[PDB]
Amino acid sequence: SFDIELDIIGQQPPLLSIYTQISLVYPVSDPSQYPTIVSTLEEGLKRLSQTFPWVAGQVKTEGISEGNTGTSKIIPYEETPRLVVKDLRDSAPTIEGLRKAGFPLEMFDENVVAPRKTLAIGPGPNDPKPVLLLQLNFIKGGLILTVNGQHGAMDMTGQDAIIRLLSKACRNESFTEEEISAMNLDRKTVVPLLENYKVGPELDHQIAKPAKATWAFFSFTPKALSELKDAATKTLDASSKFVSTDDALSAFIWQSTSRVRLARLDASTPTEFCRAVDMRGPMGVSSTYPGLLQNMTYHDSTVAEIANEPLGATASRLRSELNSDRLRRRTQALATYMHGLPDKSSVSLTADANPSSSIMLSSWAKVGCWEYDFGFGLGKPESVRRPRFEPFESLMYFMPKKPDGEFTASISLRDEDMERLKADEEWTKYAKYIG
């Protein structure tokens, strides 16, 4: 009953090996509630799958051979997205353990809380690759819900949209006309192909071609971010105009990471900042589109230049690449190039990134997960975290922005960079180490 080709941009072999994971933590007053929470989610899963069968599907890659990396599509699998129910109460994280340590990354082992791993290591192209998987974990005093999305099938914006709709389905609210439209948008049409196009310099950053490290959460108060944004605004351009909180925080991290790396790299070492960008707005596509519609902006400089310039100069680099005409062009050029490319081996969103000196950041600040209750009766989440996976130097995320305005960055860096950052006086003025 369905055969849905992925977004041409989602046909990148890296995206086809990745699951995006997100965990929502809730307190549970009484364990008598657990079976009720399970039943409520099961019924939302059915309700969502009845309106939108494909959410329950699987990703299949057809026509692989030497010279052809294949074409992927969503096909039937089970009747609902697979749900794992895991009782950790019988040593797992507890709600009180989580509260006292500040809901640290340490305590969100993907092996413990998630139904599948982020990276395609271990088992299991004849193994199932579901579009969406859920794990409901029982913990002492609480509940962790973890949601997995196959990355070629969805970016985190699209996963959040699906999760929002599962929450509606769980409290038996009908989907609007608008939401049905977005869920049903033709993925092939979403990025219009360019009529005449030959690949040139615009796709360089997306065409090419391990040291001891860890992961840590860092938190930024609304007040620290407000001061960061002001200090960027106070030192702007002035081609622009304005910078956002997200711009300033991204710039402060590039400067700060650059700064500490001056202890181990030449001043003139090239540094590339890669920053994820939701392409839904610029493409003229509904914000509720569930697919993969993302690109990155790229920023090349040198470690010493970035560390030693005003924050406004750094934030401006970032804001300047958000020109809508340019984002569209670059994205449509990518889509056109890939459409006509049988072997997509050299294509990657981080093709030219160097783990030693780059930064690869994805801001999930705008995702709405702090708002979903799922009819569970537990209120809104107490914590929204991205589970920990293997150390991956220079890879970074911002978590969905807490309703109070707090930001948290999930940061991976090699040990000496991590320890120099944590000890950095200017960094710790604004950033609190959670771990």
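Position 1 is the first residue in the sequence shown; the rest follow in order.
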Checklist entry - Per the entry, how many residues of the deposited chain go unmodelled between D90 and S91: none, 1 to 3, 4 to 9, or 10 or more? => result 1 to 3
Checklist entry - Do any residues of the deposited sequence lie unmodelled between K209 and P210, and which range holds their number: none, 1 to 3, 4 to 9, or 10 or more? => result 10 or more
Checklist entry - In the PDB record, does 365-373 or 42-50 carry the higher mean Cα temperature factor? => result 42-50
Checklist outcome for this item: Going by the entry, of stretches 347-355 and 184-192 the one with greater average Cα B-factor is 184-192
Checklist entry - Can you tell me which of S240, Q150, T157, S324 has the highest Cα temperature factor in the record? => result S240
Checklist entry - Between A248, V285, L334, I306, where does the Cα B-factor run highest in the record? => result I306
Next on the checklist: Please place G142 in the lowest, middle or highest third of its chain according to the CA B-factor in the PDB entry.
Outcome noted: middle
Item to check | B-factor third for the C-alpha atom of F175 within its chain | outcome: highest
Checklist entry - Where does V28 sit by CA temperature factor within its chain: lowest, middle or highest third? => result highest
Item to check | Third of the chain, ranked by Cα B-factor, where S383 sits | outcome: lowest
Checklist outcome for this item: Assert third(CA B-factor, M418) within chain per record equals highest
